[PDB]
Amino acid sequence: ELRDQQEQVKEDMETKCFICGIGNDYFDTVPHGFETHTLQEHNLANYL
Amino acid sequence: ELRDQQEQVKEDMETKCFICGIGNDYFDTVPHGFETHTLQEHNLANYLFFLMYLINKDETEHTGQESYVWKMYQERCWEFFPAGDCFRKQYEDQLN
Amino acid sequence: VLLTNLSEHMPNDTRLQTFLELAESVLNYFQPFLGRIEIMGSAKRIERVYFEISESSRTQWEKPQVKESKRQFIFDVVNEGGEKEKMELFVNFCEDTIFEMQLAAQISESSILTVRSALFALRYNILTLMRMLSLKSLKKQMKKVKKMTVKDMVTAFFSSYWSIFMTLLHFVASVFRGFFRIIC
Amino acid sequence: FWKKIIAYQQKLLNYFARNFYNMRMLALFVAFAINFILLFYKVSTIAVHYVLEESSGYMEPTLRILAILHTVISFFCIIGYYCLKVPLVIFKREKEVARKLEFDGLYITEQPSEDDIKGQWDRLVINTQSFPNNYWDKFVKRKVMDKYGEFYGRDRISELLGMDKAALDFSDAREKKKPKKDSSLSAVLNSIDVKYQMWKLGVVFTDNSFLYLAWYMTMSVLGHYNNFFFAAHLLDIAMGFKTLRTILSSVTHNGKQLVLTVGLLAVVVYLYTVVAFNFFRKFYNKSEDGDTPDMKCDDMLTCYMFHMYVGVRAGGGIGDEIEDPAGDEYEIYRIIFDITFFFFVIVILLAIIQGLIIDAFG
Amino acid sequence: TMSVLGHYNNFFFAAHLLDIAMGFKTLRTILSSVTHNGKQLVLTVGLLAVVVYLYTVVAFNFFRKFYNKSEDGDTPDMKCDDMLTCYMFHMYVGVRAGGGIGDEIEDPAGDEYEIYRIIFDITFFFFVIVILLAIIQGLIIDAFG
Ligand SMILES: Nc1ncnc2c1ncn2[C@@H]1O[C@H](COP(=O)(O)OP(=O)(O)OP(=O)(O)O)[C@@H](O)[C@H]1O
Ligand SMILES: Nc1ncnc2c1ncn2[C@@H]1O[C@H](COP(=O)(O)OP(=O)(O)OP(=O)(O)O)[C@@H](O)[C@H]1O
Ligand SMILES: [Zn+2]
Ligand SMILES: [Zn+2]
């Protein structure tokens, strides 16, 4: 159960943005779009 | 955990292309489209063979595309690899 | 390569289709040696590139240890590899594979008895059963079967399968004897 | 005469084919009954006379009747198998041969591996005049003739497949012929195709389920000479019950891993035996009397057998059985020896087996 | 009825402790692991009885001399001279033993059936003690998962 919970956390963070909640595919229609969005546009550290 | 990791590898390779990363459904809108794309258009073995061919070919003898890929490879720049795009998406309306 | 480029860039062209049938044999010959990839060209478009794959390169790629290396690399890049470094890891793997394939090309310099015994046992033990048909036993039994007997019919019908089972037992015994004589 | 005898034969064949499974289940029930009776079987006394004890006095005729019935049912089960399941095997085999002839040319362009018993045996059936006897496609010979005849020779394909140019053409033309008589027993025997029957018999003999049923019949027959052979039929519960198959799938799913784990255990135990035989021989006395010293590690084979037999089974490792290391100049080394043996063999490897079974379940 | 019988015998009131399964729901969650695969567990127990019966048949036909369980030479106590006695011995004293039936039967040292009996004991330990109990363990763990 602990292993599955860690895997679920990893999958959720890798497949959807923490803030807006949009899927990674829409952002990845542009190359590197998902990590660009999650590191520049909707970074939780930036909100903090 | 080892079994789950092997299953994850199999699922990822069966559901998305290694190079472009597009899902299998879009390619499978055409019959046998996914394996056609992953074995002819975006085969990783084909990219490896292209790297070997480009390395073994003389620098003066490269064509324009070969020189472009060669200079980006020498400067360690990987945007020549298609990411989220392919021929079928560039020419979706023209092709059909 | 010219014809393939033209065909793929003009998918719906009957006139080009004709030349494709005229050149099927040449394209069939060069199909294993023809490489095809897609790149993002200078015009900010996806361009398709055709090159030559050599027979030596393909054989070295198809050798089993290279396949194991490929499987291990895919496992690694999928499980612990990241998306941002995927194309760098792939290029490093390609370079290592290319070097080892070239080195292998450089270094490369220019039960049946059991099956036969089983076949012999099958043939012998089935011919033993088949010889029972020409013993004139049926000819002799004709006069005795002129009169109908349900019990006789059922007895013979069972006896056929009993003989089949006995022949299978003889086959198993012969196979064991031959296998032991071989291993001795 | 044939119109009634062949009909009766077909009636019997159909009955056995229909009741194959019921006879298979009754054969298990009868075996379970025989073994329950055998649970009341004692040794009476030199010569050892196995005697069935019974207060009622009726169970021994019951045992004899049940043994005879079990043997008859076992024979009926193999007859039912030959009536019902064999045609499917022949159909599949004929289909595979036909499709490898057509789409692969496995007997024209290429040849069997010469270590493939299936291909070498199926070489025979091609020339037979009764091929696709079970497979629906009756035109495989003509299809192969069209596909490979012009290239490898029409006549050559003809003798390879048994086709007859001289007969086919003149039969299509006007040829006077004479039919046979069904009342003629000689003609009835002439009608059969001996080579195809030979091929079919070979395939049936090579079939696994037929071999299992033959083993069942042989054990049932041997049970009359020794009644305890009827206990071997209790092994049939794996096929009889499917939930037992589900349970046993956990063991059989990772059978290769389990066997290799057992081999690794034998290697580790052999290494421990080498260490003990080179350093700790003095501690392997297993005799209480001082007059008779019983050394269990004075020999390599004896020490290895001791470690595999008495050591692995012991819950505390080999240290539960070997002498006390207290007050010796190898005390700490032997403590390390025993603790590592317990940790690796008793704890870890058995845990590997446990995990393999649980992983198979999951 | 059990409460009424408790007045005649006070120890019948211990039967009401079986009600904790319905009283507490976390106990139901725990017991669901056992009851989820109850059919599999029962059939595993039956398979264990069949395998032990086969081992009993082998021992009764070949290894009867090793089943003496009496220390005094005057009184020989044979535990495998009879089919039922030998089967009960294997099911009771054998399965419970951590090392299999060999932990309890005599020493096979210096006998003409020594290697056969060593194979007997090792296979008994591996199949009954190790594998079948592992099957039960795995069934419970799989029910949890
Ligand atoms: N709103 C978001 N902000 C940041 N990361 C996000 C967001 N939504 C999803 N992610 C995912 O989280 C990843 C970053 O994970 P995280 O913030 O835990 O740190 P890290 O990059 O793994 O490393 P470290 O823990 O060393 O800082 C991103 O690469 C992205 O895939
Ligand atoms: N870019 C890609 N190139 C090749 N295969 C891909 C790609 N993306 C996804 N795949 C998937 O990988 C599968 C091929 O797997 P892989 O390359 O490991 O070898 P394989 O065909 O399984 O056999 P082998 O290991 O014997 O060469 C394809 O059928 C496809 O589903
Ligand atoms: Zn966002
Ligand atoms: Zn792709």
# chains A, B, ... in the order shown; residues from 1 in each chain; ligands from 1
$ interface_residues --of "chain B" --to "chain D" --cutoff "12 Å" --atoms "only C-alpha atoms" --output "list in words"
residues 1, 2, 3 and 4 of chain B
$ write_last_selection --atoms "N, CA and C atoms" --output "CSV table (one decimal), in the first residue's frame"
chain,number,residue,atom,x,y,z
B,1,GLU,N,7.3,-5.3,-7.1
B,1,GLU,CA,7.8,-4.1,-7.7
B,1,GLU,C,8.5,-4.4,-9.0
B,2,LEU,N,9.3,-5.4,-9.1
B,2,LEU,CA,9.9,-5.7,-10.4
B,2,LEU,C,8.9,-6.1,-11.4
B,3,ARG,N,7.9,-6.9,-11.0
B,3,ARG,CA,6.8,-7.2,-12.0
B,3,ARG,C,6.1,-6.0,-12.5
B,4,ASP,N,5.7,-5.1,-11.5
B,4,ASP,CA,5.0,-3.9,-11.9
B,4,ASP,C,5.8,-3.0,-12.8
$ residues_near_ligand --ligand "ligand 4" --cutoff "8 Å" --atoms "only C-alpha atoms and all ligand atoms" --output "count of residues only"
15
$ closest_residue --among "A:47, A:34, A:26, A:18" --to "ligand 1" --atoms "only C-alpha atoms and all ligand atoms"
A:18
$ residues_around --residues "residue 93 (chain D)" --least-positions-apart "4" --cutoff "9 Å" --atoms "only C-alpha atoms" --output "PyMOL selection string"
chain D and resi 88-89+97-98+122+135+203
$ write_last_selection --atoms "C-alpha atoms" --output "short mmCIF file (atom, residue, chain, number, x, y, z; two decimals), in the first residue's frame"
data_model
loop_
_atom_site.label_atom_id
_atom_site.label_comp_id
_atom_site.auth_asym_id
_atom_site.auth_seq_id
_atom_site.Cartn_x
_atom_site.Cartn_y
_atom_site.Cartn_z
CA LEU D 88 -10.17 -32.22 -33.19
CA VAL D 89 -6.46 -33.04 -32.91
CA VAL D 97 0.13 -29.08 -42.50
CA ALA D 98 -2.06 -27.70 -45.29
CA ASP D 122 3.69 -34.99 -41.26
CA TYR D 135 -10.00 -30.22 -42.49
CA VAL D 203 -0.35 -38.42 -34.22
#
$ residues_around --residues "region 83-94 of chain C" --least-positions-apart "2" --cutoff "8 Å" --atoms "only C-alpha atoms" --output "number ranges by chain"
A: 32; B: 48, 51, 78, 81; C: 73, 77, 81, 96-98
$ write_last_selection --atoms "N, CA, C and O atoms" --output "PDB file, in the first residue's frame"
ATOM      1  N   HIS A  32       7.769  20.034 -25.137  1.00  0.00           N
ATOM      2  CA  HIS A  32       8.193  20.382 -23.779  1.00  0.00           C
ATOM      3  C   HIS A  32       7.163  21.265 -23.079  1.00  0.00           C
ATOM      4  O   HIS A  32       7.453  21.921 -22.071  1.00  0.00           O
TER       5      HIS A  32
ATOM      6  N   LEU B  48      18.895   5.199 -34.804  1.00  0.00           N
ATOM      7  CA  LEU B  48      20.246   4.713 -34.535  1.00  0.00           C
ATOM      8  C   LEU B  48      21.025   4.487 -35.826  1.00  0.00           C
ATOM      9  O   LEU B  48      22.201   4.865 -35.928  1.00  0.00           O
ATOM     10  N   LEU B  51      22.070   7.812 -37.196  1.00  0.00           N
ATOM     11  CA  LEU B  51      23.249   8.335 -36.517  1.00  0.00           C
ATOM     12  C   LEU B  51      24.516   7.647 -37.007  1.00  0.00           C
ATOM     13  O   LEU B  51      25.528   8.314 -37.256  1.00  0.00           O
ATOM     14  N   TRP B  78      18.842  18.777 -29.310  1.00  0.00           N
ATOM     15  CA  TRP B  78      17.948  17.676 -29.652  1.00  0.00           C
ATOM     16  C   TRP B  78      16.547  18.128 -30.052  1.00  0.00           C
ATOM     17  O   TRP B  78      15.571  17.451 -29.716  1.00  0.00           O
ATOM     18  N   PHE B  81      14.644  15.982 -33.093  1.00  0.00           N
ATOM     19  CA  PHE B  81      13.775  14.868 -32.749  1.00  0.00           C
ATOM     20  C   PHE B  81      12.330  15.353 -32.685  1.00  0.00           C
ATOM     21  O   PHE B  81      12.042  16.333 -31.986  1.00  0.00           O
TER      22      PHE B  81
ATOM     23  N   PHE C  73      18.033  -0.754 -21.815  1.00  0.00           N
ATOM     24  CA  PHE C  73      17.959   0.695 -21.939  1.00  0.00           C
ATOM     25  C   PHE C  73      16.523   1.195 -21.895  1.00  0.00           C
ATOM     26  O   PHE C  73      16.244   2.212 -21.251  1.00  0.00           O
ATOM     27  N   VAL C  77      15.121   3.790 -19.098  1.00  0.00           N
ATOM     28  CA  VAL C  77      14.613   5.102 -19.473  1.00  0.00           C
ATOM     29  C   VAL C  77      13.128   5.236 -19.172  1.00  0.00           C
ATOM     30  O   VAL C  77      12.638   6.355 -18.986  1.00  0.00           O
ATOM     31  N   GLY C  81      14.392   6.863 -15.953  1.00  0.00           N
ATOM     32  CA  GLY C  81      14.707   7.951 -16.857  1.00  0.00           C
ATOM     33  C   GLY C  81      13.625   9.013 -16.875  1.00  0.00           C
ATOM     34  O   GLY C  81      12.437   8.743 -16.697  1.00  0.00           O
ATOM     35  N   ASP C  96      26.833   4.190 -27.886  1.00  0.00           N
ATOM     36  CA  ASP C  96      27.458   2.980 -27.360  1.00  0.00           C
ATOM     37  C   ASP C  96      27.138   1.770 -28.232  1.00  0.00           C
ATOM     38  O   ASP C  96      28.022   0.952 -28.522  1.00  0.00           O
ATOM     39  N   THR C  97      25.880   1.646 -28.659  1.00  0.00           N
ATOM     40  CA  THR C  97      25.488   0.533 -29.513  1.00  0.00           C
ATOM     41  C   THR C  97      26.209   0.584 -30.851  1.00  0.00           C
ATOM     42  O   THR C  97      26.631  -0.451 -31.375  1.00  0.00           O
ATOM     43  N   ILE C  98      26.359   1.781 -31.421  1.00  0.00           N
ATOM     44  CA  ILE C  98      27.076   1.928 -32.681  1.00  0.00           C
ATOM     45  C   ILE C  98      28.524   1.495 -32.525  1.00  0.00           C
ATOM     46  O   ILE C  98      29.057   0.766 -33.371  1.00  0.00           O
TER      47      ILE C  98
END
$ residues_near_ligand --ligand "ligand 1" --cutoff "6 Å" --atoms "only C-alpha atoms and all ligand atoms" --output "list in words"
residues 13, 14, 16, 17, 18, 19, 35, 38, 39, 42, 43 and 44 of chain A
$ atom_distance --atom1 "CA of residue 71 (chain D)" --atom2 "CA of residue 238 (chain D)"
20.3 Å
$ atom_distance --atom1 "CA of residue 93 (chain B)" --atom2 "CA of residue 13 (chain C)"
16.2 Å
$ interface_residues --of "chain C" --to "chain D" --cutoff "8 Å" --atoms "only C-alpha atoms" --output "CSV table (one decimal) with C-alpha atoms, in the first residue's frame"
chain,number,residue,atom,x,y,z
C,111,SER,CA,18.2,-34.6,-30.4
C,112,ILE,CA,18.1,-35.6,-34.0
C,115,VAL,CA,13.8,-37.9,-33.1
C,119,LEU,CA,10.2,-42.2,-35.8
C,122,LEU,CA,6.4,-45.3,-34.5
C,123,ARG,CA,6.9,-46.9,-37.9
C,126,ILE,CA,2.3,-49.2,-36.3
C,127,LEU,CA,3.4,-51.6,-39.1
C,130,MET,CA,-1.2,-53.0,-39.8
C,139,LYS,CA,-11.3,-63.7,-44.9
C,142,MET,CA,-16.3,-63.7,-43.1
C,153,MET,CA,-19.8,-57.0,-33.1
C,157,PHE,CA,-15.2,-53.2,-31.7
C,161,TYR,CA,-9.2,-50.5,-29.4
C,165,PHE,CA,-3.7,-49.7,-26.6
C,168,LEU,CA,0.8,-47.9,-27.8
$ atom_distance --atom1 "CA of residue 64 (chain D)" --atom2 "CA of residue 57 (chain E)"
19.1 Å
$ interface_residues --of "chain E" --to "chain D" --cutoff "10 Å" --atoms "only C-alpha atoms" --output "PyMOL selection string"
chain E and resi 39-41+43-44+46-47+50-51+53-54+57-58+60-61+64+80-87+98-100+102-103+115+118-119+121-122+125-126+129-143+145
$ decode --residues "region 75-189 of chain D" --atoms "C-alpha atoms" --output "compact mmCIF listing (two decimals), in the first residue's frame"
# COMPACT_ATOMS: atom_id res chain seq x y z
CA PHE D 75 -11.02 -48.51 -21.03
CA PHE D 76 -14.32 -46.81 -21.88
CA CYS D 77 -12.72 -43.41 -21.19
CA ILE D 78 -9.96 -43.99 -23.74
CA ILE D 79 -12.56 -45.21 -26.23
CA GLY D 80 -14.57 -42.03 -25.61
CA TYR D 81 -11.44 -39.94 -26.06
CA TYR D 82 -10.71 -41.63 -29.39
CA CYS D 83 -14.33 -41.02 -30.44
CA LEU D 84 -14.58 -37.37 -29.37
CA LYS D 85 -11.29 -35.52 -28.85
CA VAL D 86 -9.03 -37.21 -31.45
CA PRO D 87 -10.92 -35.73 -34.45
CA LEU D 88 -10.17 -32.22 -33.19
CA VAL D 89 -6.46 -33.04 -32.91
CA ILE D 90 -6.43 -34.53 -36.41
CA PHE D 91 -8.30 -31.50 -37.76
CA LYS D 92 -5.81 -29.07 -36.21
CA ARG D 93 -2.82 -31.10 -37.41
CA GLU D 94 -4.16 -31.38 -40.96
CA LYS D 95 -4.98 -27.66 -41.01
CA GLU D 96 -1.45 -26.76 -39.92
CA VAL D 97 0.13 -29.08 -42.50
CA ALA D 98 -2.06 -27.70 -45.29
CA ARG D 99 -1.36 -24.07 -44.39
CA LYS D 100 2.39 -24.64 -44.09
CA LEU D 101 2.31 -26.34 -47.50
CA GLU D 102 0.44 -23.40 -49.02
CA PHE D 103 1.69 -20.20 -47.39
CA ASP D 104 5.17 -21.49 -46.48
CA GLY D 105 6.02 -24.36 -48.83
CA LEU D 106 7.56 -26.20 -45.89
CA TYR D 107 8.00 -29.32 -48.04
CA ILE D 108 8.82 -27.61 -51.36
CA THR D 109 10.81 -24.41 -50.88
CA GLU D 110 12.11 -25.35 -47.43
CA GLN D 111 12.43 -28.58 -45.45
CA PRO D 112 11.64 -29.59 -41.86
CA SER D 113 14.40 -29.06 -39.32
CA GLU D 114 15.15 -32.84 -39.15
CA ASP D 115 14.81 -32.45 -35.38
CA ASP D 116 11.09 -31.54 -35.57
CA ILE D 117 9.20 -34.78 -34.97
CA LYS D 118 5.97 -33.09 -36.07
CA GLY D 119 7.32 -32.09 -39.48
CA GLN D 120 9.12 -35.37 -40.08
CA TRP D 121 5.96 -37.32 -39.27
CA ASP D 122 3.69 -34.99 -41.26
CA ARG D 123 5.89 -35.61 -44.31
CA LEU D 124 3.99 -38.89 -44.66
CA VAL D 125 0.41 -37.58 -44.79
CA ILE D 126 0.94 -35.39 -47.87
CA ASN D 127 1.13 -38.31 -50.33
CA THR D 128 -2.03 -39.90 -48.91
CA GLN D 129 -5.18 -39.91 -51.04
CA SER D 130 -7.35 -39.14 -47.99
CA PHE D 131 -5.75 -35.84 -46.93
CA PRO D 132 -7.92 -33.10 -45.63
CA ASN D 133 -9.95 -35.96 -44.18
CA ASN D 134 -11.02 -33.69 -41.30
CA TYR D 135 -10.00 -30.22 -42.49
CA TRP D 136 -12.73 -28.67 -44.64
CA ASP D 137 -10.49 -27.26 -47.39
CA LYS D 138 -10.34 -30.13 -49.87
CA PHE D 139 -8.49 -28.04 -52.49
CA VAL D 140 -5.11 -27.69 -50.75
CA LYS D 141 -3.43 -29.96 -53.29
CA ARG D 142 -4.75 -27.91 -56.20
CA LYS D 143 -3.82 -24.64 -54.49
CA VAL D 144 -0.24 -25.82 -53.92
CA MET D 145 -0.11 -27.07 -57.51
CA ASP D 146 -1.12 -23.63 -58.77
CA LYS D 147 1.27 -21.82 -56.43
CA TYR D 148 4.46 -23.88 -56.85
CA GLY D 149 3.84 -26.01 -59.94
CA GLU D 150 5.26 -23.76 -62.65
CA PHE D 151 8.41 -22.96 -60.67
CA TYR D 152 9.33 -26.29 -59.05
CA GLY D 153 7.76 -28.50 -61.72
CA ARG D 154 4.14 -29.56 -62.21
CA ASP D 155 5.06 -33.25 -62.38
CA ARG D 156 7.37 -32.92 -59.35
CA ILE D 157 4.62 -31.36 -57.25
CA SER D 158 2.42 -34.18 -58.53
CA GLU D 159 4.49 -37.00 -57.08
CA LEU D 160 5.19 -34.96 -53.95
CA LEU D 161 1.46 -34.57 -53.26
CA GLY D 162 0.40 -37.95 -54.67
CA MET D 163 -1.54 -36.45 -57.59
CA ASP D 164 -1.75 -38.56 -60.75
CA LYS D 165 -1.50 -36.88 -64.15
CA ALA D 166 -1.99 -40.08 -66.15
CA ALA D 167 -5.17 -40.98 -64.27
CA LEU D 168 -6.74 -37.53 -63.78
CA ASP D 169 -6.59 -36.46 -67.44
CA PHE D 170 -7.93 -39.72 -68.84
CA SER D 171 -10.63 -39.86 -66.15
CA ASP D 172 -11.71 -36.39 -67.26
CA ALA D 173 -11.65 -37.91 -70.75
CA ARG D 174 -13.72 -41.02 -71.58
CA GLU D 175 -12.40 -43.95 -69.52
CA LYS D 176 -14.30 -47.19 -68.96
CA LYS D 177 -14.22 -48.18 -65.30
CA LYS D 178 -15.80 -50.69 -62.93
CA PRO D 179 -17.07 -49.84 -59.43
CA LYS D 180 -16.57 -52.02 -56.38
CA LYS D 181 -19.18 -53.89 -54.35
CA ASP D 182 -19.99 -52.90 -50.77
CA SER D 183 -20.98 -56.50 -50.05
CA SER D 184 -17.46 -57.45 -51.14
CA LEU D 185 -15.39 -57.61 -47.94
CA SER D 186 -12.23 -57.55 -50.07
CA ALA D 187 -13.40 -54.29 -51.65
CA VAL D 188 -14.28 -52.90 -48.21
CA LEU D 189 -10.71 -53.54 -47.07
